[PDB]
>>> print(open('entry-v6.pdb').read())   # PDB, N, CA and C atoms
MODEL        1
ATOM      1  N   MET D   1     -15.777 -10.699 -12.715
ATOM      2  CA  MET D   1     -14.888 -11.141 -11.630
ATOM      3  C   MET D   1     -13.404 -11.092 -12.032
ATOM      4  N   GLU D   2     -13.034 -10.350 -13.078
ATOM      5  CA  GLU D   2     -11.668 -10.222 -13.571
ATOM      6  C   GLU D   2     -10.755  -9.580 -12.513
ATOM      7  N   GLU D   3      -9.474  -9.961 -12.497
ATOM      8  CA  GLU D   3      -8.468  -9.431 -11.573
ATOM      9  C   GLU D   3      -8.158  -7.967 -11.923
ATOM     10  N   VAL D   4      -7.447  -7.256 -11.049
ATOM     11  CA  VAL D   4      -7.072  -5.852 -11.214
ATOM     12  C   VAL D   4      -5.612  -5.643 -10.796
ATOM     13  N   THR D   5      -5.103  -4.427 -11.001
ATOM     14  CA  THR D   5      -3.756  -3.983 -10.669
ATOM     15  C   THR D   5      -3.926  -2.767  -9.746
ATOM     16  N   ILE D   6      -3.215  -2.723  -8.614
ATOM     17  CA  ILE D   6      -3.278  -1.642  -7.634
ATOM     18  C   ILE D   6      -1.856  -1.130  -7.393
ATOM     19  N   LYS D   7      -1.703   0.192  -7.440
ATOM     20  CA  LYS D   7      -0.460   0.919  -7.236
ATOM     21  C   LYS D   7      -0.372   1.289  -5.767
ATOM     22  N   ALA D   8       0.668   0.834  -5.075
ATOM     23  CA  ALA D   8       0.892   1.142  -3.675
ATOM     24  C   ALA D   8       2.136   2.027  -3.637
ATOM     25  N   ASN D   9       1.959   3.304  -3.309
ATOM     26  CA  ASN D   9       3.038   4.282  -3.204
ATOM     27  C   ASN D   9       3.419   4.282  -1.729
ATOM     28  N   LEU D  10       4.709   4.201  -1.393
ATOM     29  CA  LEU D  10       5.182   4.161  -0.011
ATOM     30  C   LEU D  10       6.242   5.238   0.228
ATOM     31  N   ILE D  11       6.060   6.084   1.241
ATOM     32  CA  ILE D  11       6.971   7.162   1.618
ATOM     33  C   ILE D  11       7.261   7.076   3.120
ATOM     34  N   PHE D  12       8.541   7.147   3.498
ATOM     35  CA  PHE D  12       8.999   7.133   4.881
ATOM     36  C   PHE D  12       9.568   8.525   5.164
ATOM     37  N   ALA D  13       9.479   8.988   6.411
ATOM     38  CA  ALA D  13      10.020  10.283   6.816
ATOM     39  C   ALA D  13      11.563  10.269   6.744
ATOM     40  N   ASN D  14      12.156   9.076   6.604
ATOM     41  CA  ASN D  14      13.587   8.804   6.493
ATOM     42  C   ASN D  14      14.207   9.394   5.217
ATOM     43  N   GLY D  15      13.465  10.126   4.382
ATOM     44  CA  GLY D  15      14.021  10.709   3.170
ATOM     45  C   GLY D  15      14.228   9.672   2.077
ATOM     46  N   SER D  16      13.335   8.694   1.971
ATOM     47  CA  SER D  16      13.410   7.655   0.970
ATOM     48  C   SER D  16      11.987   7.231   0.639
ATOM     49  N   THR D  17      11.775   6.941  -0.641
ATOM     50  CA  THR D  17      10.503   6.517  -1.181
ATOM     51  C   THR D  17      10.660   5.103  -1.730
ATOM     52  N   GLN D  18       9.552   4.384  -1.855
ATOM     53  CA  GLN D  18       9.471   3.016  -2.328
ATOM     54  C   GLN D  18       8.116   2.863  -3.012
ATOM     55  N   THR D  19       7.939   1.825  -3.820
ATOM     56  CA  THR D  19       6.679   1.583  -4.504
ATOM     57  C   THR D  19       6.501   0.073  -4.602
ATOM     58  N   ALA D  20       5.256  -0.381  -4.641
ATOM     59  CA  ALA D  20       4.877  -1.770  -4.765
ATOM     60  C   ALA D  20       3.703  -1.793  -5.742
ATOM     61  N   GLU D  21       3.587  -2.873  -6.502
ATOM     62  CA  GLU D  21       2.550  -3.060  -7.503
ATOM     63  C   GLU D  21       2.010  -4.469  -7.278
ATOM     64  N   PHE D  22       0.744  -4.577  -6.864
ATOM     65  CA  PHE D  22       0.077  -5.844  -6.574
ATOM     66  C   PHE D  22      -0.941  -6.163  -7.670
ATOM     67  N   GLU D  23      -1.158  -7.449  -7.932
ATOM     68  CA  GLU D  23      -2.070  -8.010  -8.920
ATOM     69  C   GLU D  23      -2.898  -9.090  -8.209
ATOM     70  N   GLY D  24      -4.220  -9.089  -8.405
ATOM     71  CA  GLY D  24      -5.138 -10.042  -7.788
ATOM     72  C   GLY D  24      -6.542  -9.447  -7.706
ATOM     73  N   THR D  25      -7.375  -9.962  -6.798
ATOM     74  CA  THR D  25      -8.734  -9.457  -6.621
ATOM     75  C   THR D  25      -8.677  -8.075  -5.953
ATOM     76  N   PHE D  26      -9.819  -7.387  -5.895
ATOM     77  CA  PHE D  26      -9.960  -6.078  -5.272
ATOM     78  C   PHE D  26      -9.636  -6.159  -3.773
ATOM     79  N   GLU D  27      -9.631  -7.359  -3.177
ATOM     80  CA  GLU D  27      -9.341  -7.544  -1.760
ATOM     81  C   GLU D  27      -8.012  -8.270  -1.565
ATOM     82  N   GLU D  28      -7.581  -9.095  -2.524
ATOM     83  CA  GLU D  28      -6.320  -9.823  -2.400
ATOM     84  C   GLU D  28      -5.154  -8.899  -2.749
ATOM     85  N   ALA D  29      -5.391  -7.824  -3.497
ATOM     86  CA  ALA D  29      -4.342  -6.871  -3.837
ATOM     87  C   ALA D  29      -4.336  -5.716  -2.832
ATOM     88  N   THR D  30      -5.335  -5.650  -1.953
ATOM     89  CA  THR D  30      -5.472  -4.606  -0.953
ATOM     90  C   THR D  30      -5.034  -5.109   0.424
ATOM     91  N   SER D  31      -5.408  -6.336   0.822
ATOM     92  CA  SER D  31      -5.008  -6.816   2.138
ATOM     93  C   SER D  31      -3.530  -7.217   2.144
ATOM     94  N   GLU D  32      -2.957  -7.569   0.989
ATOM     95  CA  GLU D  32      -1.545  -7.928   0.899
ATOM     96  C   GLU D  32      -0.731  -6.644   1.038
ATOM     97  N   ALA D  33      -1.207  -5.563   0.411
ATOM     98  CA  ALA D  33      -0.578  -4.260   0.447
ATOM     99  C   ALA D  33      -0.630  -3.679   1.862
ATOM    100  N   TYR D  34      -1.769  -3.817   2.571
ATOM    101  CA  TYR D  34      -1.841  -3.283   3.929
ATOM    102  C   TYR D  34      -0.999  -4.148   4.866
ATOM    103  N   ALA D  35      -0.849  -5.453   4.590
ATOM    104  CA  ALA D  35      -0.023  -6.316   5.424
ATOM    105  C   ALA D  35       1.456  -5.964   5.174
ATOM    106  N   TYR D  36       1.815  -5.550   3.950
ATOM    107  CA  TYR D  36       3.187  -5.160   3.639
ATOM    108  C   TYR D  36       3.542  -3.927   4.490
ATOM    109  N   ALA D  37       2.591  -2.998   4.679
ATOM    110  CA  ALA D  37       2.812  -1.808   5.498
ATOM    111  C   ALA D  37       2.836  -2.193   6.984
ATOM    112  N   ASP D  38       2.023  -3.179   7.378
ATOM    113  CA  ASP D  38       1.935  -3.672   8.751
ATOM    114  C   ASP D  38       3.282  -4.255   9.192
ATOM    115  N   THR D  39       3.998  -4.923   8.281
ATOM    116  CA  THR D  39       5.306  -5.519   8.542
ATOM    117  C   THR D  39       6.442  -4.483   8.404
ATOM    118  N   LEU D  40       6.098  -3.194   8.305
ATOM    119  CA  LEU D  40       7.033  -2.079   8.196
ATOM    120  C   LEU D  40       6.819  -1.114   9.365
ATOM    121  N   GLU D  41       5.611  -1.021   9.935
ATOM    122  CA  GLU D  41       5.296  -0.150  11.071
ATOM    123  C   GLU D  41       6.170  -0.513  12.268
ATOM    124  N   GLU D  42       6.370  -1.810  12.497
ATOM    125  CA  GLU D  42       7.161  -2.353  13.594
ATOM    126  C   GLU D  42       8.638  -1.919  13.520
ATOM    127  N   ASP D  43       9.093  -1.419  12.366
ATOM    128  CA  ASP D  43      10.457  -0.958  12.102
ATOM    129  C   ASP D  43      10.472   0.530  11.719
ATOM    130  N   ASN D  44       9.338   1.238  11.814
ATOM    131  CA  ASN D  44       9.225   2.653  11.469
ATOM    132  C   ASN D  44       8.412   3.427  12.510
ATOM    133  N   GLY D  45       7.086   3.413  12.402
ATOM    134  CA  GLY D  45       6.117   4.084  13.256
ATOM    135  C   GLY D  45       4.748   3.984  12.587
ATOM    136  N   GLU D  46       3.724   4.621  13.162
ATOM    137  CA  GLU D  46       2.368   4.609  12.617
ATOM    138  C   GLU D  46       2.353   5.165  11.181
ATOM    139  N   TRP D  47       1.283   4.877  10.434
ATOM    140  CA  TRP D  47       1.116   5.320   9.057
ATOM    141  C   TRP D  47      -0.328   5.680   8.752
ATOM    142  N   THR D  48      -0.489   6.371   7.630
ATOM    143  CA  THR D  48      -1.752   6.829   7.090
ATOM    144  C   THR D  48      -1.829   6.428   5.617
ATOM    145  N   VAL D  49      -3.042   6.342   5.067
ATOM    146  CA  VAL D  49      -3.250   5.964   3.678
ATOM    147  C   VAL D  49      -4.375   6.794   3.065
ATOM    148  N   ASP D  50      -4.134   7.251   1.840
ATOM    149  CA  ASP D  50      -5.023   8.052   1.019
ATOM    150  C   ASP D  50      -5.397   7.215  -0.195
ATOM    151  N   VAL D  51      -6.663   6.802  -0.257
ATOM    152  CA  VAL D  51      -7.205   5.999  -1.346
ATOM    153  C   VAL D  51      -7.503   6.967  -2.489
ATOM    154  N   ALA D  52      -7.088   6.627  -3.703
ATOM    155  CA  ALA D  52      -7.279   7.420  -4.902
ATOM    156  C   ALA D  52      -7.574   6.483  -6.076
ATOM    157  N   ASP D  53      -7.850   7.089  -7.231
ATOM    158  CA  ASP D  53      -8.148   6.477  -8.524
ATOM    159  C   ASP D  53      -8.970   5.186  -8.375
ATOM    160  N   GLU D  54     -10.231   5.299  -7.941
ATOM    161  CA  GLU D  54     -11.198   4.208  -7.741
ATOM    162  C   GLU D  54     -10.686   3.027  -6.901
ATOM    163  N   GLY D  55      -9.695   3.253  -6.036
ATOM    164  CA  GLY D  55      -9.122   2.220  -5.180
ATOM    165  C   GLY D  55      -7.841   1.633  -5.767
ATOM    166  N   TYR D  56      -7.582   1.860  -7.061
ATOM    167  CA  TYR D  56      -6.421   1.354  -7.784
ATOM    168  C   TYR D  56      -5.128   2.084  -7.415
ATOM    169  N   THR D  57      -5.182   3.124  -6.581
ATOM    170  CA  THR D  57      -4.027   3.884  -6.132
ATOM    171  C   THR D  57      -4.161   4.031  -4.618
ATOM    172  N   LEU D  58      -3.160   3.556  -3.881
ATOM    173  CA  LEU D  58      -3.082   3.604  -2.430
ATOM    174  C   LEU D  58      -1.808   4.366  -2.118
ATOM    175  N   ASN D  59      -1.958   5.575  -1.592
ATOM    176  CA  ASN D  59      -0.850   6.448  -1.236
ATOM    177  C   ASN D  59      -0.629   6.248   0.252
ATOM    178  N   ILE D  60       0.432   5.551   0.651
ATOM    179  CA  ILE D  60       0.746   5.261   2.047
ATOM    180  C   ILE D  60       1.882   6.188   2.477
ATOM    181  N   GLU D  61       1.739   6.861   3.615
ATOM    182  CA  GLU D  61       2.726   7.786   4.159
ATOM    183  C   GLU D  61       2.919   7.468   5.644
ATOM    184  N   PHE D  62       4.151   7.135   6.044
ATOM    185  CA  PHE D  62       4.465   6.828   7.443
ATOM    186  C   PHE D  62       4.660   8.144   8.196
ATOM    187  N   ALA D  63       4.172   8.211   9.434
ATOM    188  CA  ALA D  63       4.279   9.380  10.299
ATOM    189  C   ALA D  63       5.712   9.509  10.819
ATOM    190  N   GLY D  64       6.258   8.402  11.332
ATOM    191  CA  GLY D  64       7.602   8.321  11.878
ATOM    192  C   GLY D  64       7.648   8.687  13.351
TER     193      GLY D  64
ENDMDL
END
>>> encode(input="entry-v6.pdb", output="structure tokens")
Amino acid sequence: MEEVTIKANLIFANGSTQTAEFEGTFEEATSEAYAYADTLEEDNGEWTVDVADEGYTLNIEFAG
């Protein structure tokens, strides 16, 4: 039941990139990361996510 580290890569069509690094459970580091994107859609547009490296890498790309 040990905690994990998840890499959240964030790219906007605005010509700028951002990154976030969450620590917690397999669900506490994932729902916080998706909520961080949810609080950005309202100021950007819809988004997509590509799960990689056993779930430890979340590549988020906004459509715009």
>>> atom_distance(input="entry-v6.pdb", atom1="atom N of residue 13 (chain D)", atom2="CA of residue 54 (chain D)")
25.5 Å
>>> residues_around(input="entry-v6.pdb", residues="residue 63 (chain D)", least_positions_apart="2", cutoff="5 Å", atoms="only N, CA and C atoms", output="list in words")
residues 46, 47 and 61 of chain D
>>> residues_around(input="entry-v6.pdb", residues="residue 45 (chain D)", least_positions_apart="2", cutoff="6 Å", atoms="all atoms listed in the file", output="PDB file with N, CA and C atoms, in the frame of the given file")
ATOM      1  N   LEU D  40       6.098  -3.194   8.305  1.00  0.00           N
ATOM      2  CA  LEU D  40       7.033  -2.079   8.196  1.00  0.00           C
ATOM      3  C   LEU D  40       6.819  -1.114   9.365  1.00  0.00           C
ATOM      4  N   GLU D  41       5.611  -1.021   9.935  1.00  0.00           N
ATOM      5  CA  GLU D  41       5.296  -0.150  11.071  1.00  0.00           C
ATOM      6  C   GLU D  41       6.170  -0.513  12.268  1.00  0.00           C
ATOM      7  N   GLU D  42       6.370  -1.810  12.497  1.00  0.00           N
ATOM      8  CA  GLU D  42       7.161  -2.353  13.594  1.00  0.00           C
ATOM      9  C   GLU D  42       8.638  -1.919  13.520  1.00  0.00           C
ATOM     10  N   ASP D  43       9.093  -1.419  12.366  1.00  0.00           N
ATOM     11  CA  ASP D  43      10.457  -0.958  12.102  1.00  0.00           C
ATOM     12  C   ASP D  43      10.472   0.530  11.719  1.00  0.00           C
ATOM     13  N   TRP D  47       1.283   4.877  10.434  1.00  0.00           N
ATOM     14  CA  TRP D  47       1.116   5.320   9.057  1.00  0.00           C
ATOM     15  C   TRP D  47      -0.328   5.680   8.752  1.00  0.00           C
ATOM     16  N   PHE D  62       4.151   7.135   6.044  1.00  0.00           N
ATOM     17  CA  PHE D  62       4.465   6.828   7.443  1.00  0.00           C
ATOM     18  C   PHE D  62       4.660   8.144   8.196  1.00  0.00           C
ATOM     19  N   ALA D  63       4.172   8.211   9.434  1.00  0.00           N
ATOM     20  CA  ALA D  63       4.279   9.380  10.299  1.00  0.00           C
ATOM     21  C   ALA D  63       5.712   9.509  10.819  1.00  0.00           C
ATOM     22  N   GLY D  64       6.258   8.402  11.332  1.00  0.00           N
ATOM     23  CA  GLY D  64       7.602   8.321  11.878  1.00  0.00           C
ATOM     24  C   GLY D  64       7.648   8.687  13.351  1.00  0.00           C
TER      25      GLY D  64
END
>>> select_by_dssp(input="entry-v6.pdb", residues="region 8-38 of chain D", states="strand (DSSP E)", output="MDAnalysis selection string")
chainID D and resid 8:12 16:24
>>> resolve_selection(input="entry-v6.pdb", expression="the PyMOL selection byres (((chain D and resi 23-35 and name CA) around 9) and name CA)", output="list in words")
residues 1, 2, 3, 4, 5, 6, 8, 20, 21, 22, 36, 37, 38, 39, 40, 55, 56 and 58 of chain D
>>> decode(input="entry-v6.pdb", residues="region 25-60 of chain D", atoms="N, CA, C and O atoms", output="short mmCIF file (atom, residue, chain, number, x, y, z; two decimals), in the first residue's frame")
data_model
loop_
_atom_site.label_atom_id
_atom_site.label_comp_id
_atom_site.auth_asym_id
_atom_site.auth_seq_id
_atom_site.Cartn_x
_atom_site.Cartn_y
_atom_site.Cartn_z
N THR D 25 -1.55 8.29 -3.17
CA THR D 25 -2.00 6.97 -3.63
C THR D 25 -2.17 7.00 -5.15
O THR D 25 -2.17 8.05 -5.79
N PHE D 26 -2.39 5.82 -5.75
CA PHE D 26 -2.60 5.66 -7.18
C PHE D 26 -3.87 6.40 -7.63
O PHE D 26 -4.03 6.66 -8.82
N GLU D 27 -4.76 6.77 -6.70
CA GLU D 27 -5.99 7.48 -7.01
C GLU D 27 -5.95 8.91 -6.48
O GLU D 27 -6.50 9.81 -7.13
N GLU D 28 -5.20 9.18 -5.41
CA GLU D 28 -5.12 10.52 -4.84
C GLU D 28 -4.15 11.37 -5.66
O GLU D 28 -4.30 12.58 -5.72
N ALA D 29 -3.24 10.76 -6.41
CA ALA D 29 -2.31 11.50 -7.25
C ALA D 29 -2.87 11.61 -8.67
O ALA D 29 -2.32 12.35 -9.50
N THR D 30 -3.96 10.90 -8.97
CA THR D 30 -4.59 10.89 -10.28
C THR D 30 -5.83 11.78 -10.29
O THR D 30 -5.99 12.58 -11.21
N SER D 31 -6.68 11.74 -9.25
CA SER D 31 -7.87 12.57 -9.26
C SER D 31 -7.52 14.04 -8.97
O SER D 31 -8.19 14.93 -9.49
N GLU D 32 -6.40 14.30 -8.29
CA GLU D 32 -5.97 15.67 -8.01
C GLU D 32 -5.45 16.27 -9.31
O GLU D 32 -5.74 17.42 -9.63
N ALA D 33 -4.72 15.47 -10.09
CA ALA D 33 -4.16 15.86 -11.37
C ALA D 33 -5.27 16.12 -12.38
O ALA D 33 -5.21 17.12 -13.10
N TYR D 34 -6.32 15.27 -12.42
CA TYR D 34 -7.40 15.51 -13.37
C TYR D 34 -8.23 16.71 -12.92
O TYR D 34 -8.71 17.44 -13.78
N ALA D 35 -8.32 16.98 -11.61
CA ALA D 35 -9.06 18.14 -11.13
C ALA D 35 -8.25 19.41 -11.46
O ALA D 35 -8.83 20.44 -11.78
N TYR D 36 -6.91 19.33 -11.47
CA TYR D 36 -6.07 20.47 -11.81
C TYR D 36 -6.36 20.85 -13.28
O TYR D 36 -6.40 22.03 -13.62
N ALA D 37 -6.56 19.86 -14.16
CA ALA D 37 -6.86 20.11 -15.56
C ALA D 37 -8.30 20.62 -15.70
O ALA D 37 -8.58 21.47 -16.55
N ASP D 38 -9.22 20.13 -14.85
CA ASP D 38 -10.63 20.52 -14.84
C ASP D 38 -10.76 22.01 -14.52
O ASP D 38 -11.53 22.71 -15.19
N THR D 39 -9.91 22.53 -13.63
CA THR D 39 -9.90 23.94 -13.24
C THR D 39 -9.10 24.80 -14.24
O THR D 39 -8.79 25.97 -13.97
N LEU D 40 -8.73 24.24 -15.39
CA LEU D 40 -8.00 24.91 -16.46
C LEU D 40 -8.83 24.89 -17.75
O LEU D 40 -8.70 25.82 -18.54
N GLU D 41 -9.71 23.90 -17.95
CA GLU D 41 -10.57 23.79 -19.13
C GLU D 41 -11.47 25.01 -19.25
O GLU D 41 -11.63 25.56 -20.33
N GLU D 42 -12.00 25.48 -18.11
CA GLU D 42 -12.89 26.63 -18.02
C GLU D 42 -12.21 27.93 -18.49
O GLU D 42 -12.90 28.91 -18.79
N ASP D 43 -10.88 27.95 -18.60
CA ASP D 43 -10.06 29.08 -19.03
C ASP D 43 -9.27 28.75 -20.30
O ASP D 43 -8.41 29.53 -20.71
N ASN D 44 -9.51 27.59 -20.93
CA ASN D 44 -8.82 27.15 -22.14
C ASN D 44 -9.78 26.56 -23.17
O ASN D 44 -10.20 27.27 -24.09
N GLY D 45 -10.12 25.28 -23.04
CA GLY D 45 -11.00 24.50 -23.90
C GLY D 45 -10.87 23.03 -23.50
O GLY D 45 -10.18 22.73 -22.52
N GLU D 46 -11.53 22.13 -24.23
CA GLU D 46 -11.48 20.69 -23.95
C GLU D 46 -10.03 20.18 -23.99
O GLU D 46 -9.13 20.81 -24.56
N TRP D 47 -9.79 19.00 -23.41
CA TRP D 47 -8.48 18.38 -23.36
C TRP D 47 -8.57 16.87 -23.51
O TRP D 47 -9.62 16.25 -23.33
N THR D 48 -7.41 16.28 -23.77
CA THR D 48 -7.19 14.86 -23.95
C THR D 48 -6.01 14.43 -23.07
O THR D 48 -5.19 15.27 -22.68
N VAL D 49 -5.94 13.14 -22.73
CA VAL D 49 -4.87 12.61 -21.90
C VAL D 49 -4.44 11.23 -22.41
O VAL D 49 -5.27 10.36 -22.71
N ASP D 50 -3.12 11.04 -22.45
CA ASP D 50 -2.44 9.83 -22.87
C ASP D 50 -1.72 9.27 -21.66
O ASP D 50 -0.78 9.88 -21.13
N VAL D 51 -2.19 8.12 -21.17
CA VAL D 51 -1.63 7.43 -20.02
C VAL D 51 -0.41 6.66 -20.53
O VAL D 51 -0.49 6.00 -21.57
N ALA D 52 0.71 6.76 -19.83
CA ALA D 52 1.96 6.11 -20.16
C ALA D 52 2.64 5.64 -18.87
O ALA D 52 2.14 5.90 -17.77
N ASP D 53 3.77 4.95 -19.04
CA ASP D 53 4.65 4.40 -18.01
C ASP D 53 3.87 3.88 -16.80
O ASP D 53 3.93 4.46 -15.72
N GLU D 54 3.10 2.79 -16.97
CA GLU D 54 2.28 2.11 -15.96
C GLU D 54 1.34 3.03 -15.16
O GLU D 54 0.92 2.67 -14.06
N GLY D 55 0.95 4.17 -15.72
CA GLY D 55 0.06 5.13 -15.07
C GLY D 55 0.83 6.27 -14.40
O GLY D 55 0.22 7.30 -14.10
N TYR D 56 2.14 6.10 -14.19
CA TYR D 56 3.02 7.07 -13.55
C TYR D 56 3.32 8.28 -14.43
O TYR D 56 4.00 9.21 -13.98
N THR D 57 2.87 8.30 -15.69
CA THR D 57 3.06 9.40 -16.62
C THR D 57 1.70 9.68 -17.26
O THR D 57 1.09 8.79 -17.85
N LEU D 58 1.22 10.91 -17.12
CA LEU D 58 -0.04 11.40 -17.65
C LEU D 58 0.32 12.57 -18.55
O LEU D 58 0.80 13.60 -18.08
N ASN D 59 0.16 12.38 -19.85
CA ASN D 59 0.46 13.39 -20.86
C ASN D 59 -0.86 14.05 -21.18
O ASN D 59 -1.71 13.42 -21.80
N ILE D 60 -1.09 15.28 -20.72
CA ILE D 60 -2.32 16.03 -20.93
C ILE D 60 -2.07 17.07 -22.02
O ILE D 60 -1.11 17.85 -21.92
#
